[PDB]
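Quick look at my_file_31.pdb (PDB, C-alpha atoms and all ligand atoms):
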```pdb
ATOM      1  CA  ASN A   1       2.469 -66.348 -73.146
ATOM      2  CA  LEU A   2       5.595 -64.739 -74.537
ATOM      3  CA  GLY A   3       8.702 -65.791 -72.543
ATOM      4  CA  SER A   4      10.917 -63.601 -70.331
ATOM      5  CA  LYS A   5      14.230 -64.473 -72.061
ATOM      6  CA  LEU A   6      13.841 -64.619 -75.830
ATOM      7  CA  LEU A   7      15.805 -65.449 -78.914
ATOM      8  CA  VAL A   8      14.318 -63.493 -81.829
ATOM      9  CA  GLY A   9      15.617 -64.513 -85.251
ATOM     10  CA  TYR A  10      15.250 -62.973 -88.689
ATOM     11  CA  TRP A  11      14.116 -65.446 -91.352
ATOM     12  CA  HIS A  12      15.106 -64.820 -94.962
ATOM     13  CA  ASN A  13      12.189 -64.956 -97.455
ATOM     14  CA  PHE A  14      14.921 -65.283-100.110
ATOM     15  CA  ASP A  15      18.227 -67.013-100.782
ATOM     16  CA  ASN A  16      21.194 -64.677-100.129
ATOM     17  CA  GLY A  17      23.644 -67.572-100.571
ATOM     18  CA  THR A  18      22.911 -69.158 -97.163
ATOM     19  CA  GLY A  19      19.890 -71.054 -98.513
ATOM     20  CA  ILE A  20      16.192 -71.030 -97.801
ATOM     21  CA  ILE A  21      14.965 -72.762 -94.658
ATOM     22  CA  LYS A  22      11.297 -73.764 -94.805
ATOM     23  CA  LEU A  23       9.392 -72.645 -91.680
ATOM     24  CA  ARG A  24       8.930 -76.168 -90.296
ATOM     25  CA  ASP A  25      12.714 -76.695 -90.538
ATOM     26  CA  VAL A  26      13.623 -73.641 -88.418
ATOM     27  CA  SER A  27      15.369 -74.556 -85.155
ATOM     28  CA  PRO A  28      12.977 -74.642 -82.182
ATOM     29  CA  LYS A  29      15.574 -72.640 -80.173
ATOM     30  CA  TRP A  30      14.168 -69.440 -81.729
ATOM     31  CA  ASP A  31      11.154 -68.078 -79.807
ATOM     32  CA  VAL A  32      10.130 -65.494 -82.403
ATOM     33  CA  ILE A  33      10.634 -65.638 -86.173
ATOM     34  CA  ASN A  34      10.829 -62.259 -87.966
ATOM     35  CA  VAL A  35       9.840 -62.994 -91.591
ATOM     36  CA  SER A  36      11.984 -60.803 -93.833
ATOM     37  CA  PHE A  37      10.450 -58.858 -95.519
ATOM     38  CA  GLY A  38       7.150 -57.236 -96.318
ATOM     39  CA  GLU A  39       7.857 -54.898 -99.224
ATOM     40  CA  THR A  40       6.229 -52.242-101.332
ATOM     41  CA  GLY A  41       5.881 -51.550-105.027
ATOM     42  CA  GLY A  42       5.341 -48.280-106.819
ATOM     43  CA  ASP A  43       3.061 -46.586-104.281
ATOM     44  CA  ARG A  44       5.701 -47.143-101.531
ATOM     45  CA  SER A  45       2.873 -47.726 -99.042
ATOM     46  CA  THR A  46       0.891 -50.837 -99.864
ATOM     47  CA  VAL A  47       2.838 -53.641 -98.236
ATOM     48  CA  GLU A  48       2.961 -56.961-100.078
ATOM     49  CA  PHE A  49       4.305 -60.366 -99.147
ATOM     50  CA  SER A  50       4.484 -63.693-100.951
ATOM     51  CA  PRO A  51       6.357 -66.680 -99.549
ATOM     52  CA  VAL A  52       9.502 -67.567-101.475
ATOM     53  CA  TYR A  53       8.583 -71.287-101.529
ATOM     54  CA  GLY A  54       5.245 -73.008-102.018
ATOM     55  CA  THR A  55       1.738 -71.629-101.968
ATOM     56  CA  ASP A  56       0.268 -68.830 -99.883
ATOM     57  CA  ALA A  57      -2.074 -71.332 -98.176
ATOM     58  CA  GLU A  58       0.842 -73.649 -97.296
ATOM     59  CA  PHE A  59       2.744 -70.741 -95.693
ATOM     60  CA  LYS A  60      -0.363 -69.815 -93.691
ATOM     61  CA  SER A  61      -0.601 -73.426 -92.470
ATOM     62  CA  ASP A  62       3.161 -73.530 -91.614
ATOM     63  CA  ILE A  63       2.661 -70.389 -89.495
ATOM     64  CA  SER A  64      -0.364 -71.943 -87.786
ATOM     65  CA  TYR A  65       1.718 -75.028 -86.983
ATOM     66  CA  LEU A  66       4.572 -72.971 -85.443
ATOM     67  CA  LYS A  67       2.069 -70.934 -83.431
ATOM     68  CA  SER A  68       0.539 -74.176 -82.114
ATOM     69  CA  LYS A  69       4.036 -75.020 -80.718
ATOM     70  CA  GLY A  70       4.273 -71.688 -78.841
ATOM     71  CA  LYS A  71       6.357 -69.774 -81.385
ATOM     72  CA  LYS A  72       5.552 -66.288 -82.633
ATOM     73  CA  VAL A  73       5.814 -65.356 -86.317
ATOM     74  CA  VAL A  74       6.120 -61.665 -87.059
ATOM     75  CA  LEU A  75       6.208 -59.821 -90.402
ATOM     76  CA  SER A  76       9.239 -57.540 -90.693
ATOM     77  CA  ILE A  77       8.810 -54.382 -92.756
ATOM     78  CA  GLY A  78      12.140 -53.195 -94.146
ATOM     79  CA  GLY A  79      15.134 -54.120 -96.261
ATOM     80  CA  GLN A  80      15.806 -52.361 -99.572
ATOM     81  CA  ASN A  81      12.299 -53.012-100.884
ATOM     82  CA  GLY A  82      10.516 -52.219 -97.597
ATOM     83  CA  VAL A  83      10.333 -48.585 -98.490
ATOM     84  CA  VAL A  84       7.328 -47.155 -96.672
ATOM     85  CA  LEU A  85       6.645 -43.508 -97.417
ATOM     86  CA  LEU A  86       3.730 -41.934 -95.534
ATOM     87  CA  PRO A  87       3.558 -38.279 -96.649
ATOM     88  CA  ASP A  88      -0.183 -38.018 -96.012
ATOM     89  CA  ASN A  89      -3.338 -39.731 -94.752
ATOM     90  CA  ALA A  90      -3.989 -41.563 -98.011
ATOM     91  CA  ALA A  91      -0.588 -43.277 -97.824
ATOM     92  CA  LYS A  92      -1.099 -43.993 -94.132
ATOM     93  CA  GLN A  93      -4.426 -45.735 -94.880
ATOM     94  CA  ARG A  94      -2.924 -47.861 -97.664
ATOM     95  CA  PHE A  95      -0.208 -48.963 -95.247
ATOM     96  CA  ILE A  96      -2.650 -49.750 -92.428
ATOM     97  CA  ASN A  97      -5.043 -51.674 -94.680
ATOM     98  CA  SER A  98      -2.341 -53.669 -96.414
ATOM     99  CA  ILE A  99      -0.664 -54.675 -93.144
ATOM    100  CA  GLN A 100      -4.001 -55.733 -91.578
ATOM    101  CA  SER A 101      -4.811 -57.761 -94.706
ATOM    102  CA  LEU A 102      -1.438 -59.570 -94.495
ATOM    103  CA  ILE A 103      -1.815 -60.260 -90.770
ATOM    104  CA  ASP A 104      -5.291 -61.694 -91.394
ATOM    105  CA  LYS A 105      -4.209 -63.705 -94.448
ATOM    106  CA  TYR A 106      -1.137 -65.363 -92.923
ATOM    107  CA  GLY A 107      -1.963 -65.227 -89.219
ATOM    108  CA  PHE A 108       1.103 -63.232 -88.180
ATOM    109  CA  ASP A 109       1.357 -62.465 -84.449
ATOM    110  CA  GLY A 110       2.519 -58.920 -85.164
ATOM    111  CA  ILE A 111       4.970 -56.736 -87.025
ATOM    112  CA  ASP A 112       8.593 -55.702 -86.809
ATOM    113  CA  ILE A 113       9.509 -52.178 -87.890
ATOM    114  CA  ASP A 114      12.865 -52.322 -89.717
ATOM    115  CA  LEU A 115      12.398 -49.110 -91.764
ATOM    116  CA  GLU A 116      14.827 -46.343 -92.809
ATOM    117  CA  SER A 117      13.051 -44.705 -95.773
ATOM    118  CA  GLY A 118      12.161 -41.102 -95.005
ATOM    119  CA  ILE A 119      13.240 -41.615 -91.402
ATOM    120  CA  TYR A 120      14.964 -38.312 -90.777
ATOM    121  CA  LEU A 121      13.843 -35.279 -88.812
ATOM    122  CA  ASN A 122      12.823 -32.142 -90.667
ATOM    123  CA  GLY A 123      14.789 -29.045 -89.797
ATOM    124  CA  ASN A 124      13.084 -27.580 -86.769
ATOM    125  CA  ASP A 125      11.517 -30.964 -85.645
ATOM    126  CA  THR A 126      13.154 -30.781 -82.221
ATOM    127  CA  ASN A 127      10.694 -32.234 -79.665
ATOM    128  CA  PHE A 128      10.659 -36.035 -79.512
ATOM    129  CA  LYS A 129       7.334 -36.080 -77.612
ATOM    130  CA  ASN A 130       5.628 -33.954 -80.290
ATOM    131  CA  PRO A 131       7.166 -34.699 -83.688
ATOM    132  CA  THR A 132       6.118 -32.670 -86.711
ATOM    133  CA  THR A 133       7.861 -34.538 -89.590
ATOM    134  CA  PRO A 134       4.941 -36.118 -91.507
ATOM    135  CA  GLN A 135       6.723 -39.443 -92.127
ATOM    136  CA  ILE A 136       7.349 -39.856 -88.399
ATOM    137  CA  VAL A 137       3.928 -38.611 -87.255
ATOM    138  CA  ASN A 138       2.139 -40.842 -89.769
ATOM    139  CA  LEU A 139       4.202 -43.939 -88.996
ATOM    140  CA  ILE A 140       3.451 -43.539 -85.256
ATOM    141  CA  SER A 141      -0.249 -43.123 -86.016
ATOM    142  CA  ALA A 142      -0.330 -46.139 -88.322
ATOM    143  CA  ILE A 143       1.450 -48.379 -85.814
ATOM    144  CA  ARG A 144      -0.971 -47.373 -83.040
ATOM    145  CA  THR A 145      -3.972 -47.992 -85.331
ATOM    146  CA  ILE A 146      -2.768 -51.421 -86.487
ATOM    147  CA  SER A 147      -1.895 -52.411 -82.907
ATOM    148  CA  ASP A 148      -5.352 -51.295 -81.676
ATOM    149  CA  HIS A 149      -7.015 -53.429 -84.342
ATOM    150  CA  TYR A 150      -5.564 -56.614 -82.796
ATOM    151  CA  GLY A 151      -5.479 -55.713 -79.110
ATOM    152  CA  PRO A 152      -3.007 -55.889 -76.234
ATOM    153  CA  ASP A 153      -1.416 -59.199 -77.236
ATOM    154  CA  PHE A 154      -0.276 -57.821 -80.654
ATOM    155  CA  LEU A 155       3.467 -58.283 -80.952
ATOM    156  CA  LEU A 156       5.187 -55.025 -81.967
ATOM    157  CA  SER A 157       8.957 -54.933 -82.347
ATOM    158  CA  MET A 158      11.438 -52.478 -83.894
ATOM    159  CA  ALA A 159      15.014 -52.870 -85.178
ATOM    160  CA  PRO A 160      16.553 -49.456 -85.872
ATOM    161  CA  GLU A 161      20.270 -48.914 -86.300
ATOM    162  CA  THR A 162      22.112 -47.155 -83.473
ATOM    163  CA  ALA A 163      22.341 -43.781 -85.267
ATOM    164  CA  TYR A 164      18.559 -43.448 -84.965
ATOM    165  CA  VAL A 165      18.455 -44.207 -81.231
ATOM    166  CA  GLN A 166      21.702 -43.936 -79.234
ATOM    167  CA  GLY A 167      22.951 -41.445 -81.850
ATOM    168  CA  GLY A 168      20.423 -39.086 -80.218
ATOM    169  CA  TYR A 169      22.865 -38.741 -77.326
ATOM    170  CA  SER A 170      25.121 -36.743 -79.687
ATOM    171  CA  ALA A 171      22.571 -34.992 -81.938
ATOM    172  CA  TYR A 172      18.827 -34.748 -82.547
ATOM    173  CA  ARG A 173      18.537 -33.880 -86.234
ATOM    174  CA  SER A 174      18.409 -35.584 -89.620
ATOM    175  CA  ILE A 175      18.790 -39.360 -89.002
ATOM    176  CA  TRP A 176      20.345 -38.889 -85.546
ATOM    177  CA  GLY A 177      17.820 -39.773 -82.879
ATOM    178  CA  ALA A 178      15.054 -40.006 -85.517
ATOM    179  CA  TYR A 179      13.601 -43.249 -84.068
ATOM    180  CA  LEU A 180      13.313 -41.640 -80.597
ATOM    181  CA  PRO A 181       9.927 -40.012 -81.385
ATOM    182  CA  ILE A 182       8.759 -43.292 -82.913
ATOM    183  CA  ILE A 183       9.762 -45.307 -79.822
ATOM    184  CA  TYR A 184       8.209 -42.766 -77.461
ATOM    185  CA  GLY A 185       5.086 -42.531 -79.605
ATOM    186  CA  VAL A 186       4.405 -46.278 -79.485
ATOM    187  CA  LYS A 187       6.037 -47.248 -76.159
ATOM    188  CA  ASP A 188       2.767 -48.458 -74.577
ATOM    189  CA  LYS A 189       2.308 -50.910 -77.491
ATOM    190  CA  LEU A 190       5.982 -51.868 -77.976
ATOM    191  CA  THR A 191       6.712 -55.472 -76.997
ATOM    192  CA  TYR A 192      10.471 -54.985 -77.412
ATOM    193  CA  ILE A 193      13.046 -53.030 -79.356
ATOM    194  CA  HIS A 194      16.159 -54.798 -80.621
ATOM    195  CA  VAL A 195      18.532 -52.142 -81.902
ATOM    196  CA  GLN A 196      21.073 -53.464 -84.419
ATOM    197  CA  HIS A 197      24.353 -53.498 -82.456
ATOM    198  CA  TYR A 198      26.272 -54.137 -85.713
ATOM    199  CA  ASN A 199      27.373 -52.449 -88.946
ATOM    200  CA  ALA A 200      27.786 -49.505 -86.474
ATOM    201  CA  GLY A 201      31.487 -48.724 -85.933
ATOM    202  CA  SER A 202      31.688 -47.194 -82.479
ATOM    203  CA  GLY A 203      29.113 -45.735 -80.105
ATOM    204  CA  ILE A 204      29.348 -43.054 -77.435
ATOM    205  CA  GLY A 205      27.952 -44.219 -74.068
ATOM    206  CA  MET A 206      26.206 -42.033 -71.485
ATOM    207  CA  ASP A 207      29.517 -41.779 -69.655
ATOM    208  CA  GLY A 208      30.876 -39.780 -72.640
ATOM    209  CA  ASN A 209      33.298 -42.569 -73.637
ATOM    210  CA  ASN A 210      33.474 -44.135 -77.104
ATOM    211  CA  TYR A 211      33.140 -47.937 -77.318
ATOM    212  CA  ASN A 212      33.795 -50.139 -80.343
ATOM    213  CA  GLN A 213      31.097 -52.453 -81.684
ATOM    214  CA  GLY A 214      31.636 -56.148 -81.039
ATOM    215  CA  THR A 215      32.963 -55.565 -77.497
ATOM    216  CA  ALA A 216      31.266 -56.369 -74.211
ATOM    217  CA  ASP A 217      31.502 -52.739 -73.029
ATOM    218  CA  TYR A 218      29.750 -51.525 -76.182
ATOM    219  CA  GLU A 219      26.869 -53.960 -75.737
ATOM    220  CA  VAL A 220      26.311 -52.845 -72.147
ATOM    221  CA  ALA A 221      26.711 -49.129 -72.932
ATOM    222  CA  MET A 222      24.287 -49.184 -75.854
ATOM    223  CA  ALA A 223      21.609 -51.246 -74.069
ATOM    224  CA  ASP A 224      21.939 -49.125 -70.926
ATOM    225  CA  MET A 225      20.755 -46.018 -72.802
ATOM    226  CA  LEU A 226      17.357 -47.669 -73.237
ATOM    227  CA  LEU A 227      17.363 -49.386 -69.810
ATOM    228  CA  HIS A 228      18.084 -46.107 -67.985
ATOM    229  CA  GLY A 229      17.127 -43.293 -70.338
ATOM    230  CA  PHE A 230      19.584 -40.593 -71.424
ATOM    231  CA  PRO A 231      19.990 -36.870 -72.180
ATOM    232  CA  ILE A 232      19.380 -36.009 -75.832
ATOM    233  CA  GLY A 233      22.017 -33.926 -77.682
ATOM    234  CA  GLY A 234      24.008 -32.825 -74.657
ATOM    235  CA  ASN A 235      20.925 -31.351 -72.935
ATOM    236  CA  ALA A 236      20.073 -32.531 -69.392
ATOM    237  CA  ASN A 237      16.662 -30.812 -69.816
ATOM    238  CA  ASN A 238      15.740 -33.082 -72.771
ATOM    239  CA  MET A 239      15.675 -36.559 -71.232
ATOM    240  CA  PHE A 240      14.663 -39.610 -73.236
ATOM    241  CA  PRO A 241      12.790 -41.874 -70.778
ATOM    242  CA  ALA A 242      13.837 -45.376 -69.860
ATOM    243  CA  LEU A 243      11.877 -48.242 -71.401
ATOM    244  CA  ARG A 244      10.842 -51.228 -69.299
ATOM    245  CA  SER A 245      13.706 -53.732 -69.164
ATOM    246  CA  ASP A 246      11.317 -56.324 -70.655
ATOM    247  CA  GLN A 247      11.147 -54.053 -73.736
ATOM    248  CA  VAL A 248      14.932 -54.061 -74.261
ATOM    249  CA  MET A 249      16.788 -56.618 -76.374
ATOM    250  CA  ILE A 250      20.165 -56.521 -78.137
ATOM    251  CA  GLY A 251      20.434 -57.309 -81.869
ATOM    252  CA  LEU A 252      23.584 -59.177 -82.954
ATOM    253  CA  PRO A 253      24.966 -60.798 -86.086
ATOM    254  CA  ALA A 254      24.857 -64.594 -85.899
ATOM    255  CA  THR A 255      28.366 -64.853 -87.380
ATOM    256  CA  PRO A 256      30.915 -62.353 -88.817
ATOM    257  CA  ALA A 257      29.821 -62.844 -92.440
ATOM    258  CA  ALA A 258      26.320 -61.701 -91.420
ATOM    259  CA  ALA A 259      27.749 -58.202 -90.651
ATOM    260  CA  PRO A 260      30.940 -57.664 -92.707
ATOM    261  CA  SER A 261      31.901 -54.249 -91.276
ATOM    262  CA  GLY A 262      31.761 -55.556 -87.721
ATOM    263  CA  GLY A 263      29.559 -56.154 -84.753
ATOM    264  CA  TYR A 264      29.993 -59.874 -84.206
ATOM    265  CA  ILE A 265      30.950 -60.652 -80.606
ATOM    266  CA  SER A 266      32.154 -64.025 -79.310
ATOM    267  CA  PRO A 267      29.855 -65.954 -76.948
ATOM    268  CA  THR A 268      32.538 -65.685 -74.230
ATOM    269  CA  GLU A 269      32.508 -61.872 -74.376
ATOM    270  CA  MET A 270      28.767 -61.535 -74.858
ATOM    271  CA  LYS A 271      28.069 -63.696 -71.796
ATOM    272  CA  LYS A 272      30.148 -61.192 -69.774
ATOM    273  CA  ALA A 273      27.937 -58.371 -71.090
ATOM    274  CA  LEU A 274      24.770 -60.370 -70.382
ATOM    275  CA  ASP A 275      25.875 -61.220 -66.838
ATOM    276  CA  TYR A 276      26.473 -57.521 -66.190
ATOM    277  CA  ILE A 277      23.224 -56.270 -67.752
ATOM    278  CA  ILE A 278      21.005 -58.984 -66.263
ATOM    279  CA  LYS A 279      22.728 -59.903 -62.985
ATOM    280  CA  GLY A 280      24.751 -56.734 -62.179
ATOM    281  CA  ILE A 281      28.002 -58.740 -62.266
ATOM    282  CA  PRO A 282      30.865 -56.612 -63.676
ATOM    283  CA  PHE A 283      33.544 -58.225 -65.845
ATOM    284  CA  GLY A 284      36.436 -55.769 -65.885
ATOM    285  CA  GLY A 285      35.085 -53.510 -68.597
ATOM    286  CA  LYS A 286      35.484 -49.734 -68.565
ATOM    287  CA  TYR A 287      31.719 -49.069 -68.691
ATOM    288  CA  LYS A 288      29.835 -48.684 -65.387
ATOM    289  CA  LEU A 289      26.217 -49.845 -65.564
ATOM    290  CA  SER A 290      23.551 -47.347 -64.460
ATOM    291  CA  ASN A 291      21.905 -49.735 -61.996
ATOM    292  CA  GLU A 292      23.985 -51.437 -59.335
ATOM    293  CA  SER A 293      21.972 -54.658 -59.418
ATOM    294  CA  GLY A 294      21.332 -54.943 -63.139
ATOM    295  CA  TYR A 295      18.079 -55.326 -65.010
ATOM    296  CA  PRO A 296      16.865 -58.897 -64.472
ATOM    297  CA  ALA A 297      13.878 -58.568 -66.838
ATOM    298  CA  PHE A 298      16.103 -57.619 -69.839
ATOM    299  CA  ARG A 299      14.272 -59.424 -72.650
ATOM    300  CA  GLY A 300      17.026 -61.242 -74.604
ATOM    301  CA  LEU A 301      18.753 -61.318 -77.956
ATOM    302  CA  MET A 302      17.796 -60.795 -81.543
ATOM    303  CA  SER A 303      19.917 -62.043 -84.413
ATOM    304  CA  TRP A 304      20.456 -61.394 -88.077
ATOM    305  CA  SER A 305      19.739 -64.207 -88.829
ATOM    306  CA  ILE A 306      18.279 -67.711 -88.520
ATOM    307  CA  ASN A 307      19.731 -68.513 -91.957
ATOM    308  CA  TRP A 308      23.217 -67.290 -91.096
ATOM    309  CA  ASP A 309      23.077 -69.162 -87.768
ATOM    310  CA  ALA A 310      22.238 -72.416 -89.585
ATOM    311  CA  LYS A 311      25.185 -71.965 -91.998
ATOM    312  CA  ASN A 312      27.422 -71.589 -88.915
ATOM    313  CA  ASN A 313      26.023 -74.883 -87.401
ATOM    314  CA  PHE A 314      23.838 -73.129 -84.855
ATOM    315  CA  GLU A 315      26.607 -71.679 -82.671
ATOM    316  CA  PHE A 316      24.669 -68.527 -81.811
ATOM    317  CA  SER A 317      21.299 -70.136 -81.138
ATOM    318  CA  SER A 318      22.816 -73.000 -79.148
ATOM    319  CA  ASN A 319      25.088 -70.805 -76.987
ATOM    320  CA  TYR A 320      22.461 -68.282 -76.017
ATOM    321  CA  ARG A 321      19.563 -70.741 -75.610
ATOM    322  CA  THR A 322      21.771 -72.587 -73.094
ATOM    323  CA  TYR A 323      22.755 -69.336 -71.373
ATOM    324  CA  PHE A 324      19.146 -68.135 -70.965
ATOM    325  CA  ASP A 325      17.800 -71.572 -69.989
ATOM    326  CA  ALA A 326      20.417 -71.731 -67.171
ATOM    327  CA  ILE A 327      19.147 -68.563 -65.389
TER
HETATM  328 CL    CL B 401      14.511 -55.526 -64.411
HETATM  329 NA    NA B 402       5.190 -66.876-103.685
HETATM  330 ZN    ZN B 403      -4.202 -47.911 -78.181
HETATM  331 ZN    ZN B 404      -9.990 -56.979 -88.862
HETATM  332 ZN    ZN B 405      20.740 -49.002 -92.724
HETATM  333 ZN    ZN B 406      19.138 -43.788 -62.284
END
```
Will you turn the file into structure tokens for me?
Ligand SMILES: [Cl-]
Ligand code: NA
Ligand SMILES: [Zn+2]
Ligand SMILES: [Zn+2]
Ligand SMILES: [Zn+2]
Ligand SMILES: [Zn+2]
Amino acid sequence: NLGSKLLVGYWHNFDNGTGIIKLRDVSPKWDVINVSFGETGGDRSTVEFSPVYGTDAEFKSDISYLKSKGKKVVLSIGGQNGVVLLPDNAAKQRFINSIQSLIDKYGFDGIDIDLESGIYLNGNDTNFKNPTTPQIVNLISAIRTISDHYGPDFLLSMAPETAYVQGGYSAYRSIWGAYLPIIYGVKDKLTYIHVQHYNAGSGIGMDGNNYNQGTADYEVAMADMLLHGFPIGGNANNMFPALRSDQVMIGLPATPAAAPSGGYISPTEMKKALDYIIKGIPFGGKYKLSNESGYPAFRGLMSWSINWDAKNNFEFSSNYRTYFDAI
């Protein structure tokens, strides 16, 4: 079964300067490998994926080998080429069929939704429990259909930026809060969400205070929105519900170069945030956690990326594997 404290790492299906790591050479400290990325061509709906090294059959066998060792391998849909546009049923079906074909071909354990294309609320799409924007409605439907095809053990994750989730605290329009209807719409099938707590600037917590990315207070404040639920757009009558704590992870850059505009946090400071979130132990931050005792089943950390971590001699993976193994 899938563990209670996870390290989820993005795996580059490309060389961005940090090199390509073949699947069998990925550190065993990662519990889940998010293969980056499934992409689309002209129809912006049929997802395609070809491994950057070797044959398709060899990649399929590498995945089988990792799965035999208890690891999960997930296909991430996103990046610049992971444009998925679902304006109608036809596009939705192409997306569903192509994803199912890839899962079957390579033996992926599930999918990671790392999309931004078309993810913005139409004017007048104001109810997160009943969205009307076709892109959003169709994406929710497709995710539920794909998930159903594989059953309750299908691994579904999502990695939106903060504007699309916690940004909903300030406004519910355009991009702000636009993942909220997606999250709500698939919450019964969502294994975990790892919001990207980086390339974000600052975030307003439920206490009304602004916190800077890369600080312990920010990590706690942003995660707490999902652990506790929050009022959308300054309206106490429009409450976004809490997720299960086992559905909440925090996404972090593995090193500063992985997120140039900011978001990297030192292990010393992040362990303070983790101790507060998980164990209810405060550290002298300004942010007061919603729940006195913490959220022991908080699911863990995601990182951009396995490749960046390796170029930084595994600082991130080593520090947090040790931290979680010690609980
Ligand atoms: Cl809990
Ligand atoms: Na290839
Ligand atoms: Zn279902
Ligand atoms: Zn099938
Ligand atoms: Zn973005
Ligand atoms: Zn409460």
For chain A against ligand ZN 406 (chain B), with a cut-off of 9 Å and counting only C-alpha atoms and all ligand atoms, what is the closest atom pair and its distance in Å to one decimal for every residue that makes the cut, ordered by chain and number, as CSV?
```
residue,atom,partner,partner_atom,distance
A:228,CA,B:ZN406,ZN,6.2
A:229,CA,B:ZN406,ZN,8.3
A:290,CA,B:ZN406,ZN,6.1
A:291,CA,B:ZN406,ZN,6.6
```
Mind dumping a table of every chain A residue within 12 Å of ligand CL 401 (chain B), with the nearest atom pair and its distance in Å to one decimal, using all atoms listed in the file, sorted by chain and rising number, as a Markdown table?
```
| residue | atom | partner | partner_atom | distance |
| --- | --- | --- | --- | --- |
| A:4 | CA | B:CL401 | CL | 10.6 |
| A:5 | CA | B:CL401 | CL | 11.8 |
| A:224 | CA | B:CL401 | CL | 11.8 |
| A:227 | CA | B:CL401 | CL | 8.7 |
| A:228 | CA | B:CL401 | CL | 10.7 |
| A:242 | CA | B:CL401 | CL | 11.5 |
| A:243 | CA | B:CL401 | CL | 10.4 |
| A:244 | CA | B:CL401 | CL | 7.5 |
| A:245 | CA | B:CL401 | CL | 5.1 |
| A:246 | CA | B:CL401 | CL | 7.1 |
| A:247 | CA | B:CL401 | CL | 10.0 |
| A:248 | CA | B:CL401 | CL | 10.0 |
| A:277 | CA | B:CL401 | CL | 9.4 |
| A:278 | CA | B:CL401 | CL | 7.6 |
| A:279 | CA | B:CL401 | CL | 9.4 |
| A:280 | CA | B:CL401 | CL | 10.5 |
| A:291 | CA | B:CL401 | CL | 9.7 |
| A:292 | CA | B:CL401 | CL | 11.5 |
| A:293 | CA | B:CL401 | CL | 9.0 |
| A:294 | CA | B:CL401 | CL | 7.0 |
| A:295 | CA | B:CL401 | CL | 3.6 |
| A:296 | CA | B:CL401 | CL | 4.1 |
| A:297 | CA | B:CL401 | CL | 3.9 |
| A:298 | CA | B:CL401 | CL | 6.0 |
| A:299 | CA | B:CL401 | CL | 9.1 |
| A:300 | CA | B:CL401 | CL | 12.0 |
```
Check what the PyMOL selection byres (((not hetatm)) within 9 of (chain B and resi 403)) selects in the file above and give those residues as number ranges by chain. A: 144-145, 147-149, 151-152, 186, 188-189
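Using all atoms listed in the file, the nearest neighbour of residue 223 (chain A) within the list A:327, A:273, A:57, A:74 is A:273.
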Contacts of chain A with ligand ZN 404 (chain B) up to 10 Å, shortest pair per row, only C-alpha atoms and all ligand atoms, as a Markdown table:
```
| residue | atom | partner | partner_atom | distance |
| --- | --- | --- | --- | --- |
| A:97 | CA | B:ZN404 | ZN | 9.3 |
| A:100 | CA | B:ZN404 | ZN | 6.7 |
| A:101 | CA | B:ZN404 | ZN | 7.8 |
| A:103 | CA | B:ZN404 | ZN | 9.0 |
| A:104 | CA | B:ZN404 | ZN | 7.1 |
| A:146 | CA | B:ZN404 | ZN | 9.4 |
| A:149 | CA | B:ZN404 | ZN | 6.5 |
| A:150 | CA | B:ZN404 | ZN | 7.5 |
```
Decode the PyMOL selection byres (((not hetatm)) within 7 of (chain B and resi 402)) for the given file into explicit residues and return them as a list in words.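 With the shown file as input, the PyMOL selection byres (((not hetatm)) within 7 of (chain B and resi 402)) matches residues 50, 51, 52, 53, 54, 55 and 56 of chain A.
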Work out how far CA of residue 219 (chain A) is from CA of residue 203 (chain A), in Å to one decimal.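 Between CA of residue 203 (chain A) and CA of residue 219 (chain A) the gap works out to 9.6 Å.
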Care to translate the PyMOL selection byres (((not hetatm)) within 12 of (chain B and resi 405)) into actual residues of this file, as a JSON list (two decimals) with C-alpha atoms, in the coordinates of the input?
```
[["chain", "number", "residue", "atom", "x", "y", "z"],
["A", 78, "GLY", "CA", 12.14, -53.20, -94.15],
["A", 79, "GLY", "CA", 15.13, -54.12, -96.26],
["A", 80, "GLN", "CA", 15.81, -52.36, -99.57],
["A", 82, "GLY", "CA", 10.52, -52.22, -97.60],
["A", 83, "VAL", "CA", 10.33, -48.58, -98.49],
["A", 114, "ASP", "CA", 12.86, -52.32, -89.72],
["A", 115, "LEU", "CA", 12.40, -49.11, -91.76],
["A", 116, "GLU", "CA", 14.83, -46.34, -92.81],
["A", 117, "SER", "CA", 13.05, -44.70, -95.77],
["A", 118, "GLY", "CA", 12.16, -41.10, -95.00],
["A", 119, "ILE", "CA", 13.24, -41.62, -91.40],
["A", 159, "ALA", "CA", 15.01, -52.87, -85.18],
["A", 160, "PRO", "CA", 16.55, -49.46, -85.87],
["A", 161, "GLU", "CA", 20.27, -48.91, -86.30],
["A", 162, "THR", "CA", 22.11, -47.16, -83.47],
["A", 163, "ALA", "CA", 22.34, -43.78, -85.27],
["A", 164, "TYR", "CA", 18.56, -43.45, -84.96],
["A", 175, "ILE", "CA", 18.79, -39.36, -89.00],
["A", 195, "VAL", "CA", 18.53, -52.14, -81.90],
["A", 196, "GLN", "CA", 21.07, -53.46, -84.42],
["A", 197, "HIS", "CA", 24.35, -53.50, -82.46],
["A", 198, "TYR", "CA", 26.27, -54.14, -85.71],
["A", 199, "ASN", "CA", 27.37, -52.45, -88.95],
["A", 200, "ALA", "CA", 27.79, -49.50, -86.47],
["A", 259, "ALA", "CA", 27.75, -58.20, -90.65]]
```
What does the structure give for the distance between CA of residue 303 (chain A) and CA of residue 222 (chain A), in Å to one decimal?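 Distance between the two atoms: 16.1 Å.
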Selection: 6 Å around residue 110 (chain A), only C-alpha atoms, excl. self and same-chain fewer than 6 positions, as a count of residues only: 4
Near residue 68 (chain A), within 12 Å and counting all atoms listed in the file, which residues show up once chain neighbours fewer than 6 positions away are dropped, as a list in words?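 The residues that qualify are residues 24, 61, 62, 107 and 109 of chain A.
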